[PDB]
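To start, the structure under review is shown below, and the notes come after it.
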Amino acid sequence: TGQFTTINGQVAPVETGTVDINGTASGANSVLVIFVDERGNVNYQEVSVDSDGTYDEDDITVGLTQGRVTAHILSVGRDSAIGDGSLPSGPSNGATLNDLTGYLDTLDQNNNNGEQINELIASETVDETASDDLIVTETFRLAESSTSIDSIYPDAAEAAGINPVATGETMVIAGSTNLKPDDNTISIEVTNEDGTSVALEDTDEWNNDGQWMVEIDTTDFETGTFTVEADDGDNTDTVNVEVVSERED
Amino acid sequence: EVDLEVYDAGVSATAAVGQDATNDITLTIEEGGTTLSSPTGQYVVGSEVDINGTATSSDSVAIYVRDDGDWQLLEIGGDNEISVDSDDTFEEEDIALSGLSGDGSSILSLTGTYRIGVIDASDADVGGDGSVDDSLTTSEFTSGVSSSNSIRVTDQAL
């Protein structure tokens, strides 16, 4: 069993990616994970599974190119050999996880399509009829970093995105992000018509759904137009909301 | 989660890298909290005020001021740090924020609404000599343990 944590199905920082892997691998001693892109570049890492077969490796960097990256998780089966041990360049019956890594180094060196690697990896290890090894498949689009504000509205029921907020009641703001839930944070700024900041809140926690909500009070706010600014050390999104004494209902 | 591994009697240090541990024990480690209390809400320009706050896991703390850019260091004076007692609390005498010399204080001189935050000694000149001498950016200030609160300066009175 395996899983991949994607903020929105994508990894934001292309230069320094990060994914979290966890699952159940009962009866195995080590688990190998491989990343391949559309060009054909390959990155691999072995994971030491604990005694009760519950492996959890966090903050795995991806050194591939921008585009679409498909991920596979390898696990030697009963034979404790990669499939049948019939590596194109490796020895017979000595095909371990480390041995298969040497075969991976030959894949990226040759000018092979990324789709060809998917056919080759499945055929040489799993598609063989005498193979006992198991894999799981997962894909994610490796894109650039993203941070945006989705919906701003008071404690009432609304999901359109924009809603005038009466002063004195707390209003919620919801946005999307691709950053790590804990290693990063989102700082907000609320400013009036002439650069007088009134509020400043930060959050450093959000589930793997990618949605984050920030609470700010409107006790001392004044009616008019207010600017909401959110930054995370990267591109900054700005949205404007109106403030009224009382709303229409 | 942090684990401790013991080994059988008579084993050497170099030869113990591969052999499995006879037993084990695990503990969890979390990050502490560093907040300010007194420099909050209002501040008369040119007035003096004490530095009040708490720091669970800290040895040296520094105070920074930010306004539409970098966190300029505030030169509090001696060693640019405050020690923490056993009660996880640190305090400083009455200090005039604008009165003290440094470019950090210059931001607070003009009337407006700003931000002030404290940070532990994890900076340590963002890598180098054991002294807090930098102007940490948003990423550097947020990366370490820290906390900031909104402050605005009000003109003088009589």
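Quick note on naming: the chains in the structure tokens go A, B, ... in the order shown, residues restart at 1 in each chain, and ligands are numbered from 1 in order of appearance.
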Would you write out, as JSON lines, a table of all residues in chain A that have an atom no more than 7 Å from an atom of chain B, listing for each the closest atom pair and the distance in Å to one decimal, considering only C-alpha atoms and ordering rows by chain and rising residue number?
```
{"residue": "A:196", "atom": "CA", "partner": "B:113", "partner_atom": "CA", "distance": 6.2}
{"residue": "A:197", "atom": "CA", "partner": "B:113", "partner_atom": "CA", "distance": 6.1}
{"residue": "A:200", "atom": "CA", "partner": "B:150", "partner_atom": "CA", "distance": 6.8}
{"residue": "A:233", "atom": "CA", "partner": "B:139", "partner_atom": "CA", "distance": 6.0}
```
Please provide the set of residues having any atom within 8 Å of residue A:18, restricted to only C-alpha atoms, with same-chain residues fewer than 3 positions apart removed, written as a PDB file with N, CA, C and O atoms, in the first residue's frame.
```pdb
ATOM      1  N   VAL A  11       3.365  19.669  -7.745  1.00  0.00           N
ATOM      2  CA  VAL A  11       4.427  20.096  -6.841  1.00  0.00           C
ATOM      3  C   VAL A  11       4.878  21.476  -7.303  1.00  0.00           C
ATOM      4  O   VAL A  11       5.284  21.647  -8.458  1.00  0.00           O
ATOM      5  N   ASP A  59       9.550  14.490   3.058  1.00  0.00           N
ATOM      6  CA  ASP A  59      10.399  15.487   2.406  1.00  0.00           C
ATOM      7  C   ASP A  59      11.371  14.843   1.413  1.00  0.00           C
ATOM      8  O   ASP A  59      12.594  14.887   1.572  1.00  0.00           O
ATOM      9  N   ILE A  60      10.802  14.240   0.375  1.00  0.00           N
ATOM     10  CA  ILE A  60      11.563  13.624  -0.706  1.00  0.00           C
ATOM     11  C   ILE A  60      11.682  14.628  -1.842  1.00  0.00           C
ATOM     12  O   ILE A  60      10.673  15.032  -2.432  1.00  0.00           O
ATOM     13  N   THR A  61      12.913  15.024  -2.153  1.00  0.00           N
ATOM     14  CA  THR A  61      13.152  15.982  -3.220  1.00  0.00           C
ATOM     15  C   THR A  61      13.044  15.307  -4.583  1.00  0.00           C
ATOM     16  O   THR A  61      13.354  14.123  -4.745  1.00  0.00           O
ATOM     17  N   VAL A  62      12.570  16.070  -5.562  1.00  0.00           N
ATOM     18  CA  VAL A  62      12.453  15.612  -6.940  1.00  0.00           C
ATOM     19  C   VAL A  62      13.330  16.506  -7.801  1.00  0.00           C
ATOM     20  O   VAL A  62      13.136  17.729  -7.838  1.00  0.00           O
ATOM     21  N   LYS A 180       4.468  23.339   1.426  1.00  0.00           N
ATOM     22  CA  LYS A 180       4.410  22.381   2.517  1.00  0.00           C
ATOM     23  C   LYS A 180       3.545  22.935   3.648  1.00  0.00           C
ATOM     24  O   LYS A 180       3.622  24.128   3.959  1.00  0.00           O
TER      25      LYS A 180
END
```
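Relative to atom CA of residue A:119, atom CA of residue A:135 is found at 13.8 Å.
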(request) In Å, rounded to a single decimal, give me how far atom CA of residue B:89 is from atom CA of residue B:27. (result) 25.3 Å
(request) Please identify all polymer residues within 12 Å of residue A:175, counting only C-alpha atoms, omitting same-chain residues fewer than 6 positions from it, and present them as a count of residues only. (result) 28
(request) State, in Å with one decimal place, the distance from atom CA of residue A:74 to atom CA of residue A:120. (result) 14.2 Å
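Each of A:48, A:137, A:240, A:223 was compared to residue A:173 using only C-alpha atoms, and A:240 turns out to be the nearest.
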(message) Using DSSP assignments from the backbone, pull out every residue in stretch 36-129 of chain B that falls under strand (DSSP E) and give it to me as a VMD selection string.
(response) chain B and resid 36 41 to 44 48 to 55 61 to 66 71 to 73 89 to 96 112 to 120
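Using only C-alpha atoms, the residues found no farther than 10 Å from residue A:128, other than those of its own chain fewer than 5 positions away, are residues 83, 84, 86, 122, 123 and 133 of chain A.
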